[PDB]
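In order of appearance the chains are A, B, C, D, E, F, G, H and I, and numbering begins at 1 in each one.
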Amino acid sequence: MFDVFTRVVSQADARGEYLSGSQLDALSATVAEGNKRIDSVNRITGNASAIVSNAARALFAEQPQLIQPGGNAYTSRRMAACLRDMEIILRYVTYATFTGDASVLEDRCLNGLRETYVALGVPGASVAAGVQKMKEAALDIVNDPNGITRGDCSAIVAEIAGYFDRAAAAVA
Amino acid sequence: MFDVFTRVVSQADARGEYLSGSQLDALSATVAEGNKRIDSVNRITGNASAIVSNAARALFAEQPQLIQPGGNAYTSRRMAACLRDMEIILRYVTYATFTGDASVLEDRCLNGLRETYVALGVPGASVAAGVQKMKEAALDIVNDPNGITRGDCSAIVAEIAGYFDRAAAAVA
Amino acid sequence: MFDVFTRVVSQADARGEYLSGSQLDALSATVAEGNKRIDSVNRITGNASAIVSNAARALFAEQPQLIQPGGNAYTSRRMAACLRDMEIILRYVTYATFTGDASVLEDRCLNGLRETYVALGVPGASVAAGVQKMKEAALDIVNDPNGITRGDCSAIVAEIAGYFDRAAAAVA
Amino acid sequence: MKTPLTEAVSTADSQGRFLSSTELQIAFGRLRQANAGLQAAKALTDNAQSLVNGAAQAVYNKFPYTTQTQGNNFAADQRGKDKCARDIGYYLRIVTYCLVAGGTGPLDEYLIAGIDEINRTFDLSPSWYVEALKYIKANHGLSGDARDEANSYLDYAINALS
Amino acid sequence: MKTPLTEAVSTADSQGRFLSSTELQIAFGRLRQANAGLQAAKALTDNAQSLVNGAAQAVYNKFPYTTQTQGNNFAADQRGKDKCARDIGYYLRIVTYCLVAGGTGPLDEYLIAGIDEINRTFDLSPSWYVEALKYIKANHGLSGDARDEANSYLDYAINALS
Amino acid sequence: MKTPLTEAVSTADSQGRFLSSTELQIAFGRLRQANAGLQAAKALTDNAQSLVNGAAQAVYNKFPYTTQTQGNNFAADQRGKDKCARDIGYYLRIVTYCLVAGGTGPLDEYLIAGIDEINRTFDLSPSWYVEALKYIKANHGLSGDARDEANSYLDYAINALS
Amino acid sequence: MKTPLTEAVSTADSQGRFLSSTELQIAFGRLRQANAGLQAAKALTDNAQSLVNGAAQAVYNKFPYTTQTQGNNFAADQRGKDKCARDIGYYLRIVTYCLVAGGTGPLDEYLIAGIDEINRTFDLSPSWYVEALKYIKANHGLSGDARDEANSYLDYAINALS
Amino acid sequence: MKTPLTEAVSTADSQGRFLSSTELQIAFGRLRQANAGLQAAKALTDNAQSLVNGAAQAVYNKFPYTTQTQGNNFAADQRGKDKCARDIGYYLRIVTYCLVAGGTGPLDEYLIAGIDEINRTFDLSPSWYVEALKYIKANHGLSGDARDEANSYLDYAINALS
Amino acid sequence: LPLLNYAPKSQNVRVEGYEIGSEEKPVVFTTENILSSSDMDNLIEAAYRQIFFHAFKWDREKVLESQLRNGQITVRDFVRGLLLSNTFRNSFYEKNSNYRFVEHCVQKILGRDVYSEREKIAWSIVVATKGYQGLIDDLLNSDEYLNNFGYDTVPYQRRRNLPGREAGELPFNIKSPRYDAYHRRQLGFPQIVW
């Protein structure tokens, strides 16, 4: 995988160039955001079980066909598989947030996932709906101003939103 | 894999329904046929060597190009592989007969076997011809009236013939 | 493996006790030495190749029996193996220095090492002599006062020495 | 689905062998059982409503906090009572499937596999469902082989929950 | 050693599971068969001498050269005749074991595994023994389940030889 | 025993590598954290009796059926109350370890791994322990890095239980 | 590429785990180092042309046969001199990548892997590059954390060559 | 293919090695042999019809029951005689291939692999073909290295059948 | 040189399955059960099926069998012996490209399909560079092999079926016959019939 730093390095080596002064300044800006990034990862992780379960409950309330007999989330194992998939996706979103690069999410979670769901008959559009619900819960948690040093986390929130959107688009 | 009983269960679960009285009565009729089903499996099994070798003999007598030099059943290994395959198909037909459902035959033998033979250059049409000859012999062995409680095995025989036909269709 | 912290934890857990105020103060004192510990690992690592090759040269000069034909370090494959063993032991000694606990060395380097050497006919006392030479070279590198913030590293140098001594004792 | 007939074939296939007297004996054991199983399936199905209703009440009585505590996982509103009755109905129905199949197959594939994750994730107590299963055990009024097989499936589920 | 009881446990153990109704039905299937097998074993045992000597003659008749040709592998002298009667006895005795065990286990363990190597090494024709096994099939005078189980083991050996 | 130092070595060892800047940075990260962790461990240790008694009481208040239902898994008698207070003490004590170690290692090794089987076997509700951990979170009084790290371990246990 | 952040996620993923305080400490360790690394990179980059020519001259001084002997692997002609300065430029540039990345990753990926084969195939003495790397360590002018990290990478490359 | 040139390369390829003096020596071994094998193949081929006819008659004489007994596996009729002469022709022709190739490769690939299954399935006696091979050994009239290599292959097939 | 890098892809084996023993759970053939002679037959047959799909008498390795029966070697050693055998080299290595040979190895040894062409590409060079044995040993020593099958269990195709489904993924001995179009052309097949 790449992190935010190695992504820039990889591009530089391909051109055979030292990182320009601006590229170094950009990473210095990235470093300055570091605490907010760490806090955001910590906050999503600390609420992972709630995020998944609340999103799942809401998805099934809004899409009852999924849990009716014959529905794709019906039966304990299929329900379990579905909750597992949401937790996996959430986990990889936090990985990409941590590293500051989407490659870990793309290579190790989303690669081939649409093909798997098509083959299995998993409704990809419903998966994307679940991820959106997790996204919305997660971003509220990150932005909660209570119990933290106040500051602007909009940039980090926007990055995380993109990772969630990346996952939802891959499966739907 | 499914058997005759669990095939009905799978359909009922997909509907979220208890088995109806007629479904239960139908399975009871299947149970009343159980001894004939067992006798048919035992009879094919006990004559498996002859069924395969007689069918193979007739196949090479009808299609001599298979065993002439350069043919797909020429050389000891290819001939051995061909005899083996016929026994494999017969074996899985008895499994299907024993379970009363075609799923094991399809999942473990037939599904994908057409591509297998195309990749290898095995003439699938000639395999089907050999399967038909095993079918003919096998049904004659099942229907043999000598040395068994007399009764009507037409229903089970038709089922067995169907599994052979499924196998013959699948290979080519 | 344990590190200096989890060693204390494991002892505390086996008695079902919180870490006493004195235990916590000891670990706090360990924390204050951390930079020196990190420096020692860094200096050994940065000189590892010189440490191994100098010690090897010294060992063979003092024990020419090892490298004459029929000696245990004669032939390229046995020489290479010998040099590898020296580097392996040094690597694990730095692991022990890094974690502040001998467990990694005992569990993952010295586990069965004497038995291996006997089974192979490697002269254990000569390995211990080689380890002793690396120790002297390493401790001089760790204690080097040039190009670093000055302080008392005697507490760590003594700990490192004990890890070398542990290795030398184990191969005999 | 795990049943005597599918396990017999699975055994023989894993050995590359035609079925033999051993597997034919397995099919006879299936045949000796099947009619009692079908009669049990019928009896439970006919009485499904009162068994499901009674089982849910047994649970509410044993665990009154479930009908009085607010929360998505409890049955203090109609939403929760419906889910609970639904869940109990699932257990009963799939147990009838096991009687038809002659094995735990239907329970394993439709209910048991992954049930721990669900109960953890949605904060449902396994003890609630054990009590329901004990109720159905004590109120299905089967006898003989039908009783013995039916109870084996109920106890199998109870064991999985504990 | 394949029998219904050991196969049931072998499957359950592979799955790390307690025995379920599926395995209990396997046991019921065995119990349905056991007495017929035991009676079949008794009848074969008591008639063993007649069956073996009859089988040996049937082979000599169908394959006359075996009693006319000189060679270590043929029965032209009493030595070869004694070997042949011995072998047929082995087949008969082990078949009775299968009837007792309720499975091909004894045939797999004691006779079938390696028979090809023996017949090739000592230049024995599998066809000889097939003839012997047909005679035993035709003359054991069993009926019902005793006959069906006995014939299946006899046919199992024949198929192994063919 | 997941801690920054052991994971750094195990990673390097799996790769047959000397420690490099990456592992040195991991060590510096551990050093930046350790003192706050030890201070958090000290604070929790000194308040342990109150936290554990309050945690147990908060559980009884939220789940009053625990202190009034007879059964080995409940806290109606003094036996159960002692089991319960002991268990909560374990959570607290092992959490202080995680603060000392700087990782979830102690929770993983001593408490988390296998907790699912325990709670299912003895009919203990994970929600009970979640309630206690929430109480400790709200009443340990820590601020800053000590709070953040301690809450991360408390949350980690909560997630495992749900 | 070995960097603290990728290693932290790599480890957690292999365990199928969410990131925990262990991995956060790794991130903090990275953050402690990053600015010095970025500064180191700028200083090396700005003085890059001086360091390369100075390093290359040190090699020519220490191995005068390299500028005097003819052969494709030596630097007697301008063609060889340009190859040599290019190579030393590669080392320096890749080292600055390590300073940006916070780990040996870039050196491993771009330079170390396969270097033994290259130097053997094209008959290039590793000692030449060790001399250049020693010069750069002596003449890059860094101090403090920037010096320590930069030297660690330079020593890592030196150790890889000997 | 078991052939000196093929195995030399197969082994070197398996070892990722360039060919060396060991493999060149194998090639010299091949060249020493090749002309004798080619001459042997010519002589066997020119005399092919007589050898096959003689071999079949040898078999019929040693096993007269094969020309007297009805059955698909016997040569009582013209069909079976034609099959038999065909089979023997295969042995001789593939033997000539081994002499051309300098190894048992052709026999292994075209005849021996699977021959056990064929003979068992079609009730063909290996002793029939052994008799035919012994006839060919006795009547090919080769000398020197041609005789030795040719007899090695005929004996190789005899050994495979016994 | 380090193995060429490649990314995984979503696969059944990559996620928790919540498996409960059924007729679709692969039978565990392990020597840790103190197997009788006949039961050892079945384990040996299972290994031949897993690696060769079918072992004619010509293919069988009686000496390896005796050594496994006697405890001289583990099942993983027996599996290595089969992978090193003449039958495996002749059937699956010589009749395929390096790329398809790698696929066979991953399927037979690790019990999963390859992730992509890139995985096949990355491993195809190993035989040439480390030698044939080097490839087998890498796979048999891999965390994936050891975690799943250890030393005493015959490998098998993993998580092929999902509960309640009529069919699973294709069995590898159907999906991957010992040779494919490339060798088929050389043999001059398919044969025109009729």
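We adopt the following convention: contacts are C-beta pairs under 8 Å (C-beta built on N, C-alpha and C of every residue); 3 or more make two chains touch, one makes a residue touch a chain.
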Interface copy of F-G among D-F, E-H or D-E, with over half of contact pairs matching by residue number, is D-E
Relative to subunit E, the most remote chain by C-alpha centroid is chain G
Separation of the C-alpha centres, subunit A versus subunit D, in whole Å, is 38
Chain-centre distance (mean CA atoms) for subunit A and subunit B, in whole Å, is 50
Whole-Å distance, C-alpha centre of subunit C to that of subunit D, is 60
Between the Cα centroids of subunit A and subunit H the separation in whole angstrom comes to 68
Residues of subunit F that touch at least two other chains are 3, 18, 20, 24, 27-28, 30, 102, 105, 152, 156, 159, 162
Multi-chain contacts in subunit I, i.e. residues touching at least two other chains, fall at 18, 21-24, 27, 56-58, 163-164
Multi-chain contacts in subunit C, i.e. residues touching at least two other chains, fall at 42, 45, 48
So the complete set of touching chain pairs is A-B, A-D, A-F, A-G, A-I, B-D, B-E, B-H, B-I, C-F, C-G, D-E, D-F, D-I, E-H, E-I, F-G, G-I, H-I
Within their complex, subunit H touches subunit E through residues 63-65, 116, 120-121, 123, 125-127, 161-162
Listed in rising order, subunit E residues that touch subunit B in their complex are 148, 151-152, 155-156, 158-159, 162
Per the touch rule, the subunit I residues reaching subunit E in their complex are 21-22, 25, 27-28, 33, 36-39, 41, 57
Within the complex, subunit I is touched by subunit H residues 10, 13-16, 108, 112-117
So, in the complex, the side of subunit D touching subunit E is made of residues 2-4, 7, 10-11, 20-22, 24-30, 32-33, 98, 102-104, 149, 152-153, 156
